[PDB]
Number of protein chains: 6
Amino acid sequence: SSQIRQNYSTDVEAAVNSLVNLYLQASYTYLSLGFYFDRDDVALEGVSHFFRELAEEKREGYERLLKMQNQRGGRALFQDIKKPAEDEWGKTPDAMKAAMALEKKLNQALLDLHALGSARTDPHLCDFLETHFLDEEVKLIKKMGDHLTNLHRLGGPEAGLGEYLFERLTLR
Amino acid sequence: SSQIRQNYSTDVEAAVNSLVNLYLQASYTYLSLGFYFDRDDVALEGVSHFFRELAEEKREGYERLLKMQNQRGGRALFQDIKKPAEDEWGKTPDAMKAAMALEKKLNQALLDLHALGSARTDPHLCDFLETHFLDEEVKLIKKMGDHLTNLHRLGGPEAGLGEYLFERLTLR
Amino acid sequence: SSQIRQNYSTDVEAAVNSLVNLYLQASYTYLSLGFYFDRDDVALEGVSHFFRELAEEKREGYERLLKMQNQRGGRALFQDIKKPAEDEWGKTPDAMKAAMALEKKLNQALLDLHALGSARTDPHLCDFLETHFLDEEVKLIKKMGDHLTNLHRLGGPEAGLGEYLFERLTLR
Amino acid sequence: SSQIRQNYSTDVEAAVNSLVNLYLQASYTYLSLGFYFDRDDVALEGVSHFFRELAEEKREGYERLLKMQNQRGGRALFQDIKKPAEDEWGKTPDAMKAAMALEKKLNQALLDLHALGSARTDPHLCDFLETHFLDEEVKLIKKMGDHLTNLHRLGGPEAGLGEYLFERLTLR
Amino acid sequence: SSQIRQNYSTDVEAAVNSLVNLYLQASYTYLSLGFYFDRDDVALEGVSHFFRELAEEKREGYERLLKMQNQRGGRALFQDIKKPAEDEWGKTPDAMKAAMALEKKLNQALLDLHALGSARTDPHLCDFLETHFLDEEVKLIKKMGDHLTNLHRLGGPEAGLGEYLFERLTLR
Amino acid sequence: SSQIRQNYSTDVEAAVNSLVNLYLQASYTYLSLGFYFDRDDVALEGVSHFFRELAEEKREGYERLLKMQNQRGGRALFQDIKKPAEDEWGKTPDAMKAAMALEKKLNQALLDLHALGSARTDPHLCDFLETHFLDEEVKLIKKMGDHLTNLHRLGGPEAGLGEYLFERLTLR
Ligand SMILES: [Ca+2]
Ligand SMILES: [Ca+2]
Ligand SMILES: [Ca+2]
């Protein structure tokens, strides 16, 4: 019986905690991706930095969610964070495709939470996601799509050369 | 027949003017609270300043509402501003609880107006409240709840000592 | 039985609280005037700003009075603030005439309070009004009289043109 | 089959492209208005600058829309841009009235697109319009209404004098 | 019967308005080119920026023409702006070739207008085109020719790699 | 068969990955502690900040470990991160005691890894822990012990008052 709680559905409270878990899992996946591309036998510095920056973005994500949960009088419930689906992430096109699929999964969870908040008439939640999450995901999915198009353009039997040039001239 | 008016419901226009009155009443209540704690026999400077700052925040509230009313071609209708419910506000926990109840009443009016604007399909109104009012109230209600928890922690037979320390070390 | 109270008449204490109400009502009237001239079908920006600045001056008025009331060991008693006498204020000459009448009413209340303080031998009150209120009202009534003379000079069948030029070149 | 497209209705995609056309047409109309008032036999510099600035605002409008269309995986489809409805725009009140009607038409298209996005459950679109378009149009329609009120105030047999003074003292 | 008009042929006046239309159409074509290369499945940022900058150059073109038309006492007559000939512009060599053909068409119209002005003995027009248009087109056509030569040099079965390197190292 | 690997035991490689998991779990526990003390019904800002800073310190811990793992030609193997042992952490003495026990567990794992590296004759590992981890833990355990002593000193029936003063004057 939180003293500050006002028109904050338990369904929304639970869905927020599930989204916190998904973002924790996403940060952990990008941690693994970043350190895989820091391996001596992969050695793509710009790719590692790209995924390491995303792990921090996902970290700021669930931290913002947890701040909002407390602002609204909800209660954070933390669950186990599943390990990444892969230990080895292959080459840069395979890794970017996995990151693309992850961000789309996060985007679908955000849109479902917005739809839940609308059904429960929670405008603070809906505007909170609109302000901090929805456009961020749209922009990131666009950038990953641009990267995948250029990587496909740089494909073929010169794929290794293309991988090097992409890291050097697009990702630094 | 305002020349600029476009998809601005009379129900919304009236509800905005009622919310202007509620904010005028809220500012007036915080005026009384601020000067009560400036009394020589109460003498809690940080508490007076806390409530005096809120009276200004409520003032910027109804001024923003009145600006929006004119932007949308609505017409401000001013009614009498009721006096505060109390002349003497007791001790700091009692005053903070009254301020908490006031902000929750304002928040409920904001959420009802948002629900009205959604039913009437008024997205400018809905985004206007989301941008300027809804998060402000959530943040303020959270801060008041934090204050009440610390005041309860500082309660007991040392309540006067606790009241002094709260004003000195949390509210300045 | 305020510990600090020294030669502060209850008649003066009551008259101060009545003057606080009159100043609250005056600020509220100038709020309505300012937003009336911000309407799209009135659209006189300098006139709105002129009255909006006066609402703040009246606000600093009753705040100074309430500070003095506490300094002298008196107790603020807040009453309902009556709405403005008009919802629509006509043209700039009609509005300035109403503001003139309001300031004269405030001035007469100030002079009556000074006369009461003199009869009750309250020199702090009398000097307080002399220092902060009496000259302010004399100056403001003079400026409004100057505005009304120029508005009458700019009257006639070119009144709309005169109203525009007054707002542009005198009031900004 | 855009790789990035996620919950972006084809109805919304088409409506965005239609709104891009309406904004292209609006910019073109304000181009004509600006250069009409730069004619030697009209010669109202502030009026020309007012409409020339609006043509740029409409340009930033459809550019923002086209950026969003690509961000969401939609595809821009450009159609012919219709010429302005008039070659000669009369006097400043007639021109401002036409600009008013144009902005109201744009506002109605924006509100219809928002209603479509809500029906299709597209919160990124709805917040995109709320953030960048809806308040901009409300503010602009208010300013045009203010201009029309002052122009009507400056009307009568001194209309030419009023037109000159409006351009000199309001529009520069 | 413009009061300022002096030795300004109606044939020249009409030809200027036709050139204004051609420049409006050219800007619109470069708008489409710029946003096509901003698509996620094309994703060539330097190419999009190259064509977006040209749309602004064509915009400054017809604005200069319209300013001159008013300076000489001519009257702007705006017609419908035809949509671009293509919705999809293929790869960078195909797009640059289309932009090349467009600039050559604009250059031929400029040279024809200069020839008309010479036949009509209009030295202000002829020098106006010489100062602001003719060298600009010669320089731009040269740069596009340089780009096409390098793109052809970077062709072959490594065309995708060549396209990426051209955008990265020549166009940014 | 990493090309760079030189005298890096598989036992050490595995123990490093286990320590990475323990540090990930430690950061997650301090995340929960920080947001628990940000709850409206706990409301101890300095305590939340204290634990939030520690979550970042543990984050820099496993990041340093993962960097070292790649430097030595080892391979990171990520496992599931267990949730914190508690959802609610009680009062500040109970939370500090849990953080104390956690840091001692981390310290014991560090000392065991150092002992393993010494047995396997891995001086880079041993100096790496000495330089970056061992003194950090000794300092932190000392500070927590100091906090617990002061919290016990501030205990008794004035425990709530003591909790407030500790947060205000030691932890900010
Ligand atoms: Ca919104
Ligand atoms: Ca005196
Ligand atoms: Ca020449």
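Since chain E takes its numbers from Swiss-Prot, the residues it shows come out as 2-173.
For all residues, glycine too, the Cβ spot is worked out from N, Cα and C.
Listed in Swiss-Prot for this protein:
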BINDING   E:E54, E:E57, E:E58, E:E61, E:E64  Fe cation binding site
DOMAIN    E:7-156  domain 'Ferritin-like diiron'
MOD_RES   E:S2  N-acetylserine
REGION    E:54-61  region 'Catalytic site for iron oxidation'
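Looking only at other Cβ atoms within 10 Å, the busiest spot among the binding-site residues E:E54, E:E57, E:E58, E:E61, E:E64 turns out to be E:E64. Shown for the region 'Catalytic site for iron oxidation' (E:54-61): DSSP residue counts in helix, strand and coil, namely 8 helix, 0 strand, 0 coil. Shown in sequence order, E:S28, E:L55, E:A56, E:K59, E:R60, E:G62 are the same-chain residues outside E:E54, E:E57, E:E58, E:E61, E:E64 whose Cβ sits within 8 Å of the Cβ centre of the Fe cation site.
With respect to their backbone Cα atoms, E:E57 (Fe cation binding site) and E:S2 (N-acetylserine) stand 34 Å from each other. Around E:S2 (N-acetylserine), a 10 Å sphere centred on its CB holds 5 further CB atoms from the protein chains shown. Residues of the domain 'Ferritin-like diiron' (E:7-156) grouped by DSSP class, helix first, strand second and coil last, total 113 helix, 1 strand, 36 coil.
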